[PDB]
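Next comes just one chain, in structure tokens: the form solved without this ligand.
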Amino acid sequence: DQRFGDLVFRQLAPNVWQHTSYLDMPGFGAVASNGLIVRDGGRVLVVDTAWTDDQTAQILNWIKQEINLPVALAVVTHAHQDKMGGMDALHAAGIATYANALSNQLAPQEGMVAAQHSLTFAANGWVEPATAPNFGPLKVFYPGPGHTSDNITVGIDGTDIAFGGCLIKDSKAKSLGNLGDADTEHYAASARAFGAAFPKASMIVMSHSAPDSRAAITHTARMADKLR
């Protein structure tokens, strides 16, 4: 781990890092949220903001110091603060931003700023490619409703990594957590669909646990079976 101001950065692969930021949730402590940073040749791609604009600007500062290449785009994985709270910092920096169309629709009511561009998805869950131009190795998949109605997931081609966002918890998790906007009926199937979309991913990254094996997916789905 690298502590950089109030954030933590961890290299996961030669061209992939996890960013971690924290917010006090009165009654729950200082809650960590993870996202990703990917170098694709001469540019950088970001998955998820930090909780705040100031923290997100710090992610960009870390990128400047540790990678020193332009950030071509960011994709955010649903309309909650941990994933979209720093949109204005991305826009101030001139970075093109993307989210599920449904996340952009929900953003104002959730207290978020919408991304500039909307992703749409085929019936099988894969992003419609025209809506995710220049995404390089980022493979975006809508697994179905689960943690939220709008949650999306991202695989990183050329690596063994897939990012479940807030949909997936690690294999030792006692409970799922953060179920306020969850689709309890469909959660298990959506977790399993994420796994099936990225069958070769042996490192599962997620918002509220450290990286784990694919047991994160099976355990999450088994936990979600109890919601039905």
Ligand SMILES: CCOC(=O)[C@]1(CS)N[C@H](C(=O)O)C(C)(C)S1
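Only the largest set of C-alpha atoms that superpose within 1.5 Å between the two forms is called the rigid core. Residues that one form lacks are left out of the comparison. The numbering used is simple: start at 1 and walk along the sequence shown.
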{"property": "Residue range whose averaged C-alpha B-factor is higher in the record, 118 to 126 or 72 to 80", "result": "118 to 126"}
{"property": "156 to 164 set against 46 to 54, stretch whose average Cα temperature factor tops the other in the entry", "result": "156 to 164"}
{"property": "Chain-wide C-alpha B factor ranking for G29, given as lowest, middle or highest third", "result": "highest"}
{"property": "Lowest, middle or highest third - CA B-factor, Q105", "result": "middle"}
{"property": "Ranked against its chain, the third holding the CA B-factor of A13", "result": "highest"}
{"property": "Assigned third (lowest, middle, highest) for the C-alpha B factor of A191", "result": "middle"}
{"property": "Chain thirds of CA B-factor: placement of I37", "result": "lowest"}
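From this point on, the text means the form solved in complex with this ligand, which you will not see here.
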| query | finding |
| --- | --- |
| Any non-hydrogen atom of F198 within 4.5 angstroms of this ligand in the deposited complex | no |
| This ligand contact at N178 in the deposited complex, heavy atom, 4.5 Å | yes |
| Contact test in the deposited complex: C166 vs this ligand, heavy atoms, 4.5 Å | yes |
| This ligand contact in the deposited complex: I67, any heavy atom under 4.5 Å | no |
| Three-residue site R39, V71 and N134 fully in contact with this ligand in the deposited complex at 4.5 Å by heavy atom | no |
| Of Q116, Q81, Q105, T120, the one that lies within 4.5 Å of this ligand in the deposited complex (heavy atoms) | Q81 |
| Partner-proximal stretch of 152 to 160, 121 to 129, 94 to 102, 72 to 80 relative to this ligand in the deposited complex, 4.5 angstroms, heavy atom | 72 to 80 |
| Where the chain shifts between the shown form and the other one once the rigid core is fitted, runs of at least 3 with Cα moving 2 Å or more | 25 to 29 |
